[PDB]
Each structure stands twice: as C-alpha cells, then as structure tokens.
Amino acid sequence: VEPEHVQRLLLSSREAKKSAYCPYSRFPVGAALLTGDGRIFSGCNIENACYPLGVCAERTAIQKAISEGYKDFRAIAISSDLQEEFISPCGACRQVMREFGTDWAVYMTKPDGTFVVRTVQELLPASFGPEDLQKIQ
C-alpha cells in the first residue's frame, strides 16, 4: 500500500482521470501502467457519440505503451470517482491485458487511496488467448 512504485501508480492513475473525455457518462476513469524498467504510461476513457466506439482508460494506457515499444508490464492501477467501490476493469480490458501476460498486478482503487490487488490471471481465469489460434510455438 506504500511501496514507492505503488505510490507512483496511485498518483498517476488519479491524475490521469483529469484528462478523461466522458461527456456522455460523466464517469471519469484514469489508469497508470507500470512497465518493467520503471516507466509509467497513463490513460483515460475517451467516449464517442456512438457509445460502442469509446475506449477505456486501461486500454488507452496499454495502447500508448505498446505504440512506443513497451510490452513488458508489471502493474496497472485504475481510478474513478466512485468513493464506495474499488474501480474494476471490464472484461474487454482484461482480455487486452492478458494478450500481454497473465502474471502482472491490477490495482483496483478508491479515491481515498485504499485498494485491492488481483492478477490478470485471477481477473480472467481459463482465459482465451494466443494459444487458441495456436500462436505460441
């Protein structure tokens, strides 16, 4: 709850929420992805007049990192305005996370700084993945 990298994750995630583009849901979400070498990529949800075309904070962050060449992820924290609920990643974000590993941490936070940690494997058990298309050889 207080290791340096945890503090960094929570602060960045909380800060990233400020850039959210969510005029439809008015539900801002921020995310901060921590890579293996210590770099942090932030993200926020970006909605669309046509709801299906919006994107979640977690994926905004992951897509940013990958586009810049980072594919080794250590952890990701998520922030929202819900004070009485730990903000949890939707199934779609869990699947994208899984595309890059099942062994990394997801910090589901509350505005007060408290949080619950679960791995991608735990958040997406018996996961569909690269193996289904026989891509691991």
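In case it trips you up, residue 1 is the first one in the sequence shown, and so on.
Legend: mean Cα B-factor per stretch from the PDB entry, 108-116 versus 45-53; the higher mean is in 108-116.
Legend: mean Cα B-factor per stretch from the PDB entry, 90-98 versus 61-69; the higher mean is in 61-69. Among the modelled residues of the chain, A20 sits in the middle third by CA temperature factor in this PDB entry. Looking at the C-alpha B-factors along this chain, the one for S79 belongs to the middle third. Among the modelled residues of its chain, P28 has a C-alpha B-factor that falls in the middle third according to the deposited record.
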